[PDB]
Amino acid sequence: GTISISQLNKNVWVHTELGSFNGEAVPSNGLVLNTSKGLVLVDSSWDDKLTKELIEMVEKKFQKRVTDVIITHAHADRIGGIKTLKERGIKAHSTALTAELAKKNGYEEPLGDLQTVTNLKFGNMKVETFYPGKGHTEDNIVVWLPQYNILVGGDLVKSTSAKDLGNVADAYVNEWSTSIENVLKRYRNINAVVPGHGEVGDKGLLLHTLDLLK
């Protein structure tokens, strides 16, 4: 199952793609929001091929168009499919910083429309985007669904099983703890936390990430 979707509730699913790296499958997660006005994804996938497959899958499943994607940072698991999005008229939301870094990391440019705290609404689906500070990357954001207390952590947030922070060349490891604390402060009662990779959990993922960073 290279692309899978898993349900959190009626209109919120996790999408998960196995990228192929050195003969290893590597999952990446994002979210699929089924809204009265189309499907909204949080994050694309590793590359255009997978992004196209993801879009195909979700569109067929829900019989709805993907209209918007929120890009959580300017790396491949997240923004790999930006060309696919642009060539489909799928709006690719991001902070200005993510757009700037995208333009630098060799990618087409997302919208740069998100601020530190931004509210979006897609049909009846409310979405908050939050830049908690630097961590995994300078630009990493998280996404929250206030109606459902579901948090999409991206690569800022590690799964329970993770013992390793990943590539930290471009990480702000010291600042990452504070950014996670900012997320823990902001989001008090959380029903689900989606890590960038790995199993969905709850607030314990945030605490576990903090623990890794200690």
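Just count from 1 along the sequence shown to find any residue number.
For the pair 48 to 56 and 149 to 157, the mean Cα B-factor is higher in 48 to 56.
The PDB entry records a higher mean C-alpha B factor for 77 to 85 than for its counterpart among 77 to 85 and 113 to 121. Of the candidates 127, 92, 141, 102, the deposited coordinates give 102 the top C-alpha B factor. Sort the modelled residues of the chain by CA B factor and residue 175 lands in the middle third. In the PDB entry, residue 195 places in the lowest third of its chain by CA B-factor. When the modelled residues of the chain are ordered by their C-alpha B factor, residue 181 lands in the middle third.
Per the deposited record, the Cα B-factor of residue 205 falls in the middle third when ranked against the other modelled residues of its chain. For residue 132, the recorded CA B-factor ranks within the lowest third of the chain. Only modelled residues enter the ranking.
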